[PDB]
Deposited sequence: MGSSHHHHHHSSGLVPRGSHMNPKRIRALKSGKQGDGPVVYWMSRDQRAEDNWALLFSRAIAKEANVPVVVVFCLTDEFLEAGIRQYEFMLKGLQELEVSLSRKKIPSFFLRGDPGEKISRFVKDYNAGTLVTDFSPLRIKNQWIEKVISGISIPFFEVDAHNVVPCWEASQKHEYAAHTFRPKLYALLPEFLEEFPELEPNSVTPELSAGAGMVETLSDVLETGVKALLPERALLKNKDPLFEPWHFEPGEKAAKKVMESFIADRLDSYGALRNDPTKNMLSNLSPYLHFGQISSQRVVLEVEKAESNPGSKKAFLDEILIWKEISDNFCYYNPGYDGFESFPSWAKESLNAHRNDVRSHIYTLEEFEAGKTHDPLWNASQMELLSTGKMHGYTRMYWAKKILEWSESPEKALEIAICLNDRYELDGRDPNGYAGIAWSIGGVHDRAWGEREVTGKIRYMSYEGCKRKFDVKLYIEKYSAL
């Protein structure tokens, strides 16, 4: 129980009632530092722990694909916590109003939440802080090393973050203690009803193809804590060996496929790292994978935490802003609208195939995501419009979207964040370029195109 994982958001007078874990980013019962710390505080206070989750008014900004994935997981999660005699309460509405009222109505003693560096979570925290008078803590349950501990500032390159993060692994990479149940069960609607009404409100915006059939295929990723663990186990046993060599080949399914579970916190990345470390396979594949789930994932939290404008042009490095500004008035070879990008109606079949994989499976292959976002920059009127188009499509259709990895990955692609300068080109400037011919030299683009008609 390392105290460096928990931060005080507001000191107050501890009440004589239950400790409330405001679950948000880490929707799992196992390997959850936020829930474990909440249980430890409740034990010291001779009081039980409860879990509250807020179903917010912003689910209508995404799709059925993300809403169902999350709620099906929460249905399984409610059963798991019940076995630990830990009740879960699901509120519908604004977390500022709903959690303030819950704290007062249930006489909460202490409030705990998990850590997310996203703007919308900071918005909720501000409203909640002004509506309560009990202590308020946040716990980094998503990163192996607490975000505010790994670095005290924005890191501009992976190679300046990698030694810092690795130097702290011996202290923060540790096993998880078992979640102890409440001593006795203590003293707002069913999840299937909230799922039905939510789906009914999202249906007019469901992504469809010409014959009114739904585009999304929900059988690619089963949601939930139990399914995440099987995905992790299959990756280590069947795919980890070839990951180093085939991670950039979109015609092979050699990625871990963990990002939807990681995004919703249905599995702990620290759990994955522990299991990968103790697995014996190709050391280069182990190094490459750990680089992605440790360095690149946690530097994305670092990017959003230390850059208030992480989703804006202003957070790009100066060399990239000056380069993109110098080519603002370059004639673009193509300009597509948001609707043409969305439907996959560009002149590029590779880009079109990547958009179709996004539309059908909700998870674009990691390599084509780089090509996909860089062409948006190339075929947009300005870098600002490219940012907004890329964020729109990513957050609307990616199961792992609305995520620090998304804004950091898009800022890498369009603005060179966590990248370096390359040869100067028109339109794109010194931003790393990815040509259609370059992709043909790295994988069989025809198979990828044919797979997503």
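Residues 1-20, 208-214, 481-482 of the deposited sequence have no C-alpha coordinates in the model.
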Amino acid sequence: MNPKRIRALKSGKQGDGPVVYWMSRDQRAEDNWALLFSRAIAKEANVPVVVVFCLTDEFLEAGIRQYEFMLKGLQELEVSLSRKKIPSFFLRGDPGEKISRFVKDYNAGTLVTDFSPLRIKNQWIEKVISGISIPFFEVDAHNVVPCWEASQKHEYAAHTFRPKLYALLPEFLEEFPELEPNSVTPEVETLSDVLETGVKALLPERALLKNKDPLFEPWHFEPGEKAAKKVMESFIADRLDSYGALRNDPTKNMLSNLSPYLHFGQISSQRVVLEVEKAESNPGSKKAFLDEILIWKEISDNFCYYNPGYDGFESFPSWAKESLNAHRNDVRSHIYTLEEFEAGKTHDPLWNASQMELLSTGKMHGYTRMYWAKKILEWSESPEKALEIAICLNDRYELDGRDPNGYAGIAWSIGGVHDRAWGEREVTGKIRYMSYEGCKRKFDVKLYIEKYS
From here on, numbers count along this sequence of modelled residues.
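Just so we're on the same page, rigid core means the largest C-alpha set that superposes within 1.5 Å between forms.
Stretch comparison, 189-197 versus 119-127: after rigid core superposition, larger RMS CA deviation in 6 other deposited structures of this protein is found for 189-197. Taking 206-214 and 344-352 in turn, the stretch whose Cα atoms are more displaced from the shown form in 6 other deposited structures of this protein following rigid core superposition is 206-214.
Higher mean CA temperature factor, per the PDB entry, when comparing 20-28 with 432-440: 432-440. When the mean C-alpha temperature factors of 341-349 and 262-270 are read from the deposited coordinates, 341-349 comes out higher. When the C-alpha B-factors of 365, 229, 121, 83 are ranked from the entry, the top spot goes to 83. Within the group 253, 361, 234, 380, the record's highest C-alpha temperature factor is found at 253.
Among all modelled residues in its chain, residue 38 ranks in the middle third by Cα B-factor. Annotation for residue 248: CA B-factor lies in the highest third of the chain's modelled residues. Ranked by C-alpha B-factor against the other modelled residues of its chain, residue 59 falls in the middle third. Placement of the Cα temperature factor of residue 422 within the chain: highest third of the modelled residues, per the deposited record. Ranked by Cα temperature factor within the chain, residue 153 sits in the middle third according to the deposited record.
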